[PDB]
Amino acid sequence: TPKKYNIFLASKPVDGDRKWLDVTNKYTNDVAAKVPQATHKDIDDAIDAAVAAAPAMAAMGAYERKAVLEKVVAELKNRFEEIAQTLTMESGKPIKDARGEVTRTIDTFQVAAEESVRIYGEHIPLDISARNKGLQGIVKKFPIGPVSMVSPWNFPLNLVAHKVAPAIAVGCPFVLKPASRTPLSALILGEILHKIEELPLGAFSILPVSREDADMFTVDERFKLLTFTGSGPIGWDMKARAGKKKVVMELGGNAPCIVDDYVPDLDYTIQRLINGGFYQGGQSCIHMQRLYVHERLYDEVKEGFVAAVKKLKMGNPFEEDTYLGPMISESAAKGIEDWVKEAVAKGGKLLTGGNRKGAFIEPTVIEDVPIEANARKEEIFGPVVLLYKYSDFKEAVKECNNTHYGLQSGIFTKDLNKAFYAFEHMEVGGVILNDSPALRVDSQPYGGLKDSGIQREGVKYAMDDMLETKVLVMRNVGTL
């Protein structure tokens, strides 16, 4: 029997005679939930409520914003296993990874609670020259206003938290469009937020939306900021059609990793490479897709990495010992299977995996895949790693940069100069030193260059995009 859910319109749970949206268990394929789909009239009402709630949201005391965020943390801790279970069910990610995501969501909301009481301003001297005599300024940050949020399916909770927590920390009302394949996590946040008294009426709406209405989140003039996490072609098109609003984009990647040493040893290096290459089954924007190993270490790394790939448990994501769960859909798995077959046909040497079983794709390692192949050129978003050998470090860095993406990169080195050369020359938002590129701390500036997006997430950085600078220029203030 599918569980019937409510959606959130102007802080209130709504159902009515709205069309039902089926949410399936990504392992069994059974309809596990029925979710109301918002109408055009609902989206219009939600945006009007966000505009109407903006003054009350801006008038909240810093401690009130903190109170809201601290109540979210308490509720997430309380409902931990319930949330982790729902997360595995709608996303198909192993229960261990789902627990890791809830843990990181608690961290995100906690970082936001602490940041909400730390929005510092500046007192600036403005008498920089004789003409400017008797001038001083107070620079203060103010909420941008109503925020349009469009979240993904790969991290249905954490990637929602990275938008929702900064908005509340700043005092911005918001309208969130969760991914239609995974809206349950966002709706649990809606259930939590709905019960928080400090939060003004109309401050939030959480609405799964039809394809014919989805465009309102991009074009509506009442929103002051569009913040999107998802597909690059969709994101870039949204940026082009957004109108006057500010745009924040967290898009795909094709993350490389350089192995120039074993740090601290081979066992730990293999372990971090396995973690990166099969991070959420590769269904991550920072999944380690490309692996560059120095020729002197190549055979040892290839052997150990492939042997460890072969040991990974693929199956029921509800099982505690399951490392690799199914892909989001059978079509996603079919797409990955095609790109593996294509990579092999274009000259790639399959070392392990490459076979499909419904929505499951075996953890795959392909050696010497050319740039011509889609597996090398484009984001795979599956459990596939492309292995390459190098002789020159500067050339390895150049090859790491040989992509239209630019999210994160990884580097294993004991060399001081190699580490800082990589930091200087890698065309990414984050360089991971002595871990794979799939590492992210929820307080770090996270984002990319090139096709990977614009701006940074990470609580205090996302808060910056939701804030507007205002200066009070004071002429001879304090003169009697």
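Heads up: residue numbers just count along the shown sequence, starting at 1.
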Checklist entry - 211-219 versus 269-277: which one carries the higher mean Cα B factor per the record? => result 211-219
Next on the checklist: Mean Cα B factor from the PDB record: higher for 305-313, or higher for 110-118?
Outcome noted: 305-313
Checklist entry - What's the residue among 162, 294, 177, 357 with the greatest CA temperature factor in the PDB record? => result 357
Checklist entry - Lowest, middle or highest third: where is residue 298 by C-alpha B factor in its chain? => result middle
Next on the checklist: Where does the C-alpha B-factor of residue 414 rank in its chain, lowest, middle or highest third?
Outcome noted: lowest
Checklist entry - What third of its chain's C-alpha B-factors does residue 236 belong to: lowest, middle or highest? => result middle
Checklist outcome for this item: Binned into thirds over the chain's modelled residues, the C-alpha B-factor of residue 381 lands in the highest
Checklist outcome for this item: So, residue 388's CA B-factor, relative to its chain, sits in which third? The lowest
